[PDB]
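Numbering (full-length UniProt numbering), first residue to last: 12 to 76. Report on the following structure.
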RNA sequence: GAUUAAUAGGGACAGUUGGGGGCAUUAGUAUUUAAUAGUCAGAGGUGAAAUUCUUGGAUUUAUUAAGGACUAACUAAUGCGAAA
Ligand SMILES: [Mg+2]
Ligand SMILES: [Mg+2]
Ligand SMILES: [Mg+2]
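Here you go:
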């Protein structure tokens, strides 16, 4: 089934807190989650990942995706 | 036998005032770099782009450290200095 290598013991009440470092440049955008320490990185997405055009790198469409 | 004592000037003294100067000290993020951890495929830059950087892992994230600069914001029809 689903083996989520995330945290062992949760509940529906519980909050699981990640931290999102977001960098916005006129030339791009970065959405980066880590733990509360900032050490261990979970997810990484840049605008340029989501579009092939150099100019669209920053744009809201890209940021959304 | 020595004119006043200039809202003339020099000097003394008293509480201040100042981003004036010279030495020492000392901080602060920031840029750049390095280290140690992470994670991955793109970062940069532009009107678009291309030179660049990138899997030898960049950009990115956390913690330190090195090294030169620089004193933000408060900061003003405010201050000081002969001007710079
Ligand atoms: Mg330092
Ligand atoms: Mg220093
Ligand atoms: Mg003043």
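By construction, the Cβ of each residue, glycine as well, lies at the ideal position given by its N, Cα and C atoms.
Where do the ends of the alpha helix (DSSP H) carrying residue i lie?
{"i": "residue 74", "result": "71 to 75"}
On the DSSP bridge assignment, give the partners of residue i in chain order.
{"i": "residue 60", "result": "In DSSP, residue 60 forms no bridge with anything."}
{"i": "residue 14", "result": "The partner list for residue 14 (beta bridge, DSSP) is empty, contrary to what the question assumes."}
{"i": "residue 55", "result": "43"}
{"i": "residue 30", "result": "45"}
Looking only at its chain, what residues have a beta carbon closer than 7 Å to the beta carbon of residue i, apart from the 5 residues adjacent to it on each side?
{"i": "residue 36", "result": "69"}
Output needed for residue i: all residues of its chain with C-beta closer than 6 Å, excluding positions within five of it in sequence on either side, in chain order.
{"i": "residue 56", "result": "42"}
Using C-beta distances below 8 Å, list every residue in its chain close to residue i, excluding the 5 sequence neighbours before and after it, in chain order.
{"i": "residue 39", "result": "57, 58, 59, 68, 69"}
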